[PDB]
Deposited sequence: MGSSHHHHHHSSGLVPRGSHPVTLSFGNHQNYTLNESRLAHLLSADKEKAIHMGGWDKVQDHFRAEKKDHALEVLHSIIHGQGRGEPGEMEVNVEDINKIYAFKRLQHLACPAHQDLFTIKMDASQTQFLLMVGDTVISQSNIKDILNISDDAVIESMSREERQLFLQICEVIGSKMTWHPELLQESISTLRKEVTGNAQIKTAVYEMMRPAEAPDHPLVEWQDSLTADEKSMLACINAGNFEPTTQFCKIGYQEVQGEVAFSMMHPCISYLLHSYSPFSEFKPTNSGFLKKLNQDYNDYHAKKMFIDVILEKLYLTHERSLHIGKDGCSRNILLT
């Protein structure tokens, strides 16, 4: 919550309290050692958190007119105040991926979550550039650790599972054929403690239905990199996530059978661990 960029610790003293938010905005405009540092590609993703900063200064009556709509191509987010498009952003530039990378379509719920995750990423990179300069991991643990993001991700994927849900110990009930069938959801491998980090489940009237996290959501939370250099590696992670995604849905009539048996034998959860360790959480 403490902002140190641009020496703001000692510069805020020259501003009345009523005006330090305006001044912080101009300060960000001013400040955002070339030899040795990596270029970034964050213009399009920062637009989204910047839109909410614009909406926040509107009156509560008019704030409902600030919406972000996907265009007909399903390749850009349109930033709209009423009927006016004030700016657009390419989704491939938001994700910092190559142009021939494939963006699987999202449900409207997933698009909302996508933009919320972008909003947190943008705010952390805008008001706290020190996270990224330390590490890409320090930036990422600040967004996956964010309370609203964790809550919203679990609400969508595992609504009846608390984010702090305790590990359930692994019980190997599967045949070899079943393990091969499940290998497609974790990049061609079967590892009990990681197989299910992308699998969600919800019960309607006591009946469980399974689903897989959208690849762009998976990518944004765990694999996103703002550096222009990482654009090929970013696209490599996304393509692998898409492959697991399309494999699951093609074989869903077989896989959900196996998932249900594991779900029922592990106390209605796939948060499965072995000897006290698990990576089957959605995000931490």
item	value
Missing CA stretches, deposited numbering from 1, N-terminus first	1-48, 81-84
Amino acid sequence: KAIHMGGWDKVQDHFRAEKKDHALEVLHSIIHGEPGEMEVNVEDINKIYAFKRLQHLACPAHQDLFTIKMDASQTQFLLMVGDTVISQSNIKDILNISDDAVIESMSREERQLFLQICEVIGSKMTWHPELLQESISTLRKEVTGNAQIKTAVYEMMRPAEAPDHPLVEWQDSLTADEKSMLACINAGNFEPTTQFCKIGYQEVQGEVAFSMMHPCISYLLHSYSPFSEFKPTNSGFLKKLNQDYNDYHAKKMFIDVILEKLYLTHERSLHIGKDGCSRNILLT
From here on, numbers count along this sequence of modelled residues.
item	value
35-43 set against 227-235, stretch whose average Cα temperature factor tops the other in the entry	35-43
Mean C-alpha temperature factor, higher of 131-139 and 178-186	131-139
Deposited CA B-factor, highest of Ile217, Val257, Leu241, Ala58	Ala58
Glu203 CA temperature factor, ranked by third within the chain	lowest
Within-chain third of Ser211 by Cα B-factor, per the entry	lowest
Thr84 by Cα B-factor - lowest, middle or highest third of the modelled chain	highest
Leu270 - which third its CA temperature factor falls in, relative to the rest of the chain	lowest
Chain thirds of CA B-factor: placement of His165	middle
